[PDB]
C-alpha cells in the first residue's frame, strides 16, 4: 500500500525505538534484518522483470540515507546488500546475475561482503573444473545472517590478480568469527572470516567483463563511495534532528544568558545556523551526485570514461563535504544540547562515533589530492577498487 520511501520511513521509525539500546549491545541486529527481509526492500534495486521494485540508484541511496538517520549500522548493511547485487550485475554475465536477481527478489536473500582488495591473505587454487579459496579476511560487513557473499582471492600464479566470486554464505569451509568490536558501526558485523578450501564453481566467478574493465563496470567503486556518502549525510541529519528535540525539550539556558528561553539564545541560534548552512551544502552535493549516478547508470555499457570520471569527481566532492562538515555537526551539537545531554542512557555521542570510525577507511587528505588534481590539472580520477 506504500511506496518504497514510505516503507523505509515506517521501518526507520520502528528501528529508532531500539537504536540506542542496540548501539550499546552491538552484535547482530537479527530482528531488524528480518524486518528488512519481510518489507521487500531487499529487492529495491532489482528491476521489475526479475520480481524487484525497479528503483533508480538515487531512490535506493535515498533509503540508505533514511536508515542512517536512525541506525547507521542497518543503513550500512542495507546499502552494502545492494552494492553486492550491483557487483554481480556489473562484473558477471546475465546468465549469472539474472538468476541471482530473481532468486533474491523471490526468497529475500541478504547479500553480505567478503571482498577486500587489500587483504591478500585469501588465495585461489585451480583444481580443473572448480576453484578453492583459502585464507583469512577482515571487515566482512553484513556477512553474518546473510544468504550470499561476494568473496575475493588473489591468484599468486597470475602475478597476484584479484578474483571475485559470488558464493553462498553457508558453504562448507567458511567460518564467520563474529569478532567485530568497534567504537562505531557496532551492528555491521564487520568481523573477520576464515576460508578453508572453500569450493568455488567457474559459474560463480565474476569475470565478464569483470572488475575494473569497462567504464560501466567501473561504476562499482563509485556506488560504494556514494553509498557511504549517503550514510554520512543521514548520520548528520539524524544527529541534527535528535539534537533539535533535546534543545527544545530538556535544555536549560545558561544562568548568565540574557534570554529567558533557550529557543532565543543568540549563541544557540548561531550554532543552528551553522548546522543549517553545512547540511544544506552537503544535501545538494550528495543529491547531485545521486542524479549523475542515475544518468551514468542509464548509459549502460555505452558509458564513456569521461562521464565516469566526472561522476567520480562529483561523488568525492560530496564525500569530503559530508565527512568533514558532518563530523563537525556531530561534535558541535553538544554545545546546544547542554551538559545533561551526555547521560549514558542517551548515547548522543553514537552519531560522532559512527561517523568518526567510517571516515577513516578513505583518508580525506588523499581525496583532496585527487580533487585538487582535477581542479588544477583537469585530471580525471583513476578507476581503482574502493
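Residue numbers count along the first chain shown, from 1.
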**Mean C-alpha temperature factor, higher of 217-225 and 250-258** = 250-258
**Message:** Going by the mean C-alpha B-factor recorded in the entry, which is higher: 26-34 or 328-336?
**Reply:** 26-34
**Member of 90, 312, 198, 239 with the greatest C-alpha B factor (per the PDB record)** = 198
**Prompt:** Whose CA atom has the top B-factor in the entry, of 154, 183, 278, 86?
**Reply:** 154
**Request:** Going by the recorded CA B-factors, say which third of the chain residue 49 sits in, lowest, middle or highest.
**Result:** highest
**Prompt:** Based on the entry's values, in what third of the chain does the Cα temperature factor of residue 139 lie: lowest, middle or highest?
**Reply:** highest
**B-factor third for the C-alpha atom of residue 273 within its chain** = lowest
**Prompt:** Looking at the C-alpha B-factor of residue 234, is it in the lowest, middle or highest third of its chain?
**Reply:** lowest
**Item:** Chain-relative CA temperature factor third for residue 100
**Value:** middle
